[PDB]
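Shown next as structure tokens: one chain only, the form deposited without the named molecule.
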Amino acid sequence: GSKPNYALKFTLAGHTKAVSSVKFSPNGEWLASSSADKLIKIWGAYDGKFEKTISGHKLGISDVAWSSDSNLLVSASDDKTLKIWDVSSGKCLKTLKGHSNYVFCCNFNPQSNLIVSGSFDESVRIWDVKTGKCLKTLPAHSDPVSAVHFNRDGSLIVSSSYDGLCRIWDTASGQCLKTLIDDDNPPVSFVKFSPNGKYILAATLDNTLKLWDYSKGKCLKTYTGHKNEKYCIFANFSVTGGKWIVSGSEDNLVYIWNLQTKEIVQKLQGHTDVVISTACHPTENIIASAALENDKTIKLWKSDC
């Protein structure tokens, strides 16, 4: 259909502080959640059945990411570390030390041999997953790094920052290929590549989402209507039904846009605080949405389209 009809299926509770992110396992069976409560909780994507807690970080966690094979997780913490976890045993495999301030964002490359991290120390770091050692430190930005993402073949890294810049990096050399957004500001609160790796989705703290052509360096689409002036809110490409942009908002709603028409096609109501994080299931029309400390719940939504 030409509009989704996402409806609340489950409300997942357990976190005792603000939830920071939610990500579906690539294999679709797990939802992972991180929180300011220093915990990672694993949930069944289809029944929301609480699976396990993963503990070890000494301070709050801002991001969590899956390896390609759904077996490993990596988390970014205010304790200035990342931890690589084995999901099955729930054990810390490695602790990545090097950042001199909070680690805000992380992702595996598709090969899942590397992890990219963004920090308040204004650097992007590339880590070897096998040895937990830092391979490279990029003096990426002049303010905290809000987001990092590898493209589909893992040859580029896109990073965003409160310095109002979005930069793309050559993984192998760590040299800057392009400075996509060269504004004094507003703060770039989030960036990721599109699934084909042609486009960058970029959020700015003037309630604006923009789809960029990486090669051309030009803004293709603008999405508006939501509120985003304070928080680094994740945005997603929904690709299992109709082609949507998904994002949280500071008005406690999940916003869904038609990618092409830039039209608002649904607003999800239920959260009682800022929706900080959203995730689109890899195979089913299901959304995970996560909220800050007044709510602390994860909501699973299902659509027919």
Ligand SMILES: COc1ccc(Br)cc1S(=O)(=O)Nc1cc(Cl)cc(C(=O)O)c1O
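Residue numbers run from 1 along the displayed sequence.
The same protein has a further form, the form deposited with the named molecule bound, not shown here; the description that follows concerns it.
No atom of the named molecule, overlaid from where it sits in the entry with it bound, falls within 2.4 angstroms of a backbone or C-beta atom of the displayed form, which makes the pocket open. Highlighted residues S33, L73 and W85: none comes within 4.5 Å of the named molecule in the entry with it bound, counting any heavy atom. Proximity of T171 to the named molecule in the entry with it bound: non-hydrogen atoms within 4.5 Å are absent; the residue sits far from the partner. Remark: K94 does not count among the residues lining the named molecule in the entry with it bound, judged by a heavy atom distance of 4.5 Å or less. Although the partner is absent from this view, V239 contacts the named molecule in the entry with it bound, with a non-hydrogen atom inside 4.5 angstroms.
Within 4.5 Å of any heavy atom of the named molecule in the entry with it bound lies no heavy atom of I42. Partner contact region in the entry with it bound: 195-203, out of 85-93, 195-203, 127-135, 173-181, criterion any non-hydrogen atom within 4.5 Å of the named molecule.
Site annotation in the entry with it bound: the residue of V265, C280, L253, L259 reaching within 4.5 Å of the named molecule with a heavy atom is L259. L211 is the sole member of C166, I157, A140, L211 with a non-hydrogen atom within 4.5 Å of the named molecule in the entry with it bound.
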